[PDB]
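Worksheet for the structure shown next.
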Amino acid sequence: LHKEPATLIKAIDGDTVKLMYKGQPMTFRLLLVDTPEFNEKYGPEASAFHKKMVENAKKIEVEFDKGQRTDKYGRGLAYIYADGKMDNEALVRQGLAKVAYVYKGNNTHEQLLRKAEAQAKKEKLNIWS
Ligand SMILES: Cc1cn([C@H]2C[C@H](OP(=O)(O)O)[C@@H](COP(=O)(O)O)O2)c(=O)[nH]c1=O
Ligand SMILES: [Ca+2]
């Protein structure tokens, strides 16, 4: 898999972010995770975490997996990196997201994220508390 450039247009919530990718604005949905919606428990903390992470990055990168790159709502499906740290993994590791939506052939980083979830659960972080 390959990291591609992008620039933040706007933070949205725990598992979506608006980025300019190949010069076009797009909403990206983070692969392999699910954050609570803003109005549910840990929802505001997940949004806040993701926001900070994307707003502080000097470099944002998009990494598509091997399968579909856009979902049925037209959102980009990617692993997103902020200064080389994966947003998807960071949210899971903090117990602000669960591993979820694991479809065959867009699941390269499945085991990496499950490992982060196991550590977050061990530490009883946030969602696991
Ligand atoms: C993460 C992801 C979500 N989706 C779709 C599945 C869900 O359909 P439904 O809307 O029909 O439930 C929805 C979940 O996204 P959200 O968690 O952003 O709502 O997005 C995919 O199709 N592919 C994926 O890789
Ligand atoms: Ca969600």
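Order of listing sets the numbers, starting from 1, for every ligand and every atom in it. Counting begins at 1 with the first residue of the sequence.
Checking only distances, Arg75 does come within under 3.5 Å of ligand 1, N or O to N or O. Checking only distances, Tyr73 does come within under 3.5 Å of ligand 1, N or O to N or O.
Scanning the protein heavy atoms around atom 7 (C) of ligand 1, the nearest turns out to be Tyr101 CE2, 3.9 Å. For atom 22 (O) of ligand 1, the closest heavy atom belonging to the protein is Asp71 CB, 3.9 Å. Nearest protein heavy-atom contact of atom 19 (O) of ligand 1 is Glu37 OE2, 4.1 Å. Looking only at protein heavy atoms, the nearest one to atom 21 (C) of ligand 1 is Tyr103 CE1, 3.9 Å.
Looking only at atom types and distance, the side chain of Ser129 has no donor-acceptor partner in the side chain of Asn126 under 3.5 Å away.
The hydrophobic cluster containing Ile12, built from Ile/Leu/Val/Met/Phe/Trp/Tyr side-chain heavy atoms closer than 4.5 Å, comprises no other residue.
Looking only at N/O/S atoms, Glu37 comes nearest to the Ca ion (ligand 2) through OE2. Shortest distance from the Ca ion (ligand 2) to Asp34 is reached at OD1 (N/O/S atoms only). Of all N, O or S atoms in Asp15, the one lying closest to the Ca ion (ligand 2) is OD2.
When non-hydrogen atoms are compared, ligand 1 lies under 4.0 Å from the side chain of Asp34 (C-beta onward) but not from its backbone.
By the 4.5 Å heavy-atom criterion applied to side chains, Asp83 and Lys59 are counted as neighbours. In this structure the side chain of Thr108 reaches within 4.5 angstrom of the side chain of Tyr79, judged on heavy atoms. Counting only heavy atoms from C-beta outward, the side chains of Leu31 and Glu63 never approach each other to under 4.5 Å. The side-chain heavy atoms of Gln68 and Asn106, taken from C-beta on, include a pair separated by under 4.5 Å. Residues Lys98 and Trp128 form a side-chain contact, since some pair of their non-hydrogen atoms from C-beta on lies under 4.5 Å apart.
Other residues, nucleotides and ligands place more than 12 heavy atoms under 6.0 Å from the NZ atom of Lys3.
In summary, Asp13 places no N/O/S atom under 3.0 Å from the Ca ion (ligand 2), failing the contact criterion.
Remark: distances from the non-hydrogen atoms of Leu77 to ligand 1 include one below 4.0 Å.
Nearest-residue assignment for atom 16 (P) of ligand 1 (options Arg69, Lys72, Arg29; heavy-atom criterion): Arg29.
The side-chain hydrogen bond (donor to acceptor under 3.5 Å, both in side chains) pairs that include a residue from residues 17-26 are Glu4-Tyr21, where partners are two or more places apart or lie in different chains.
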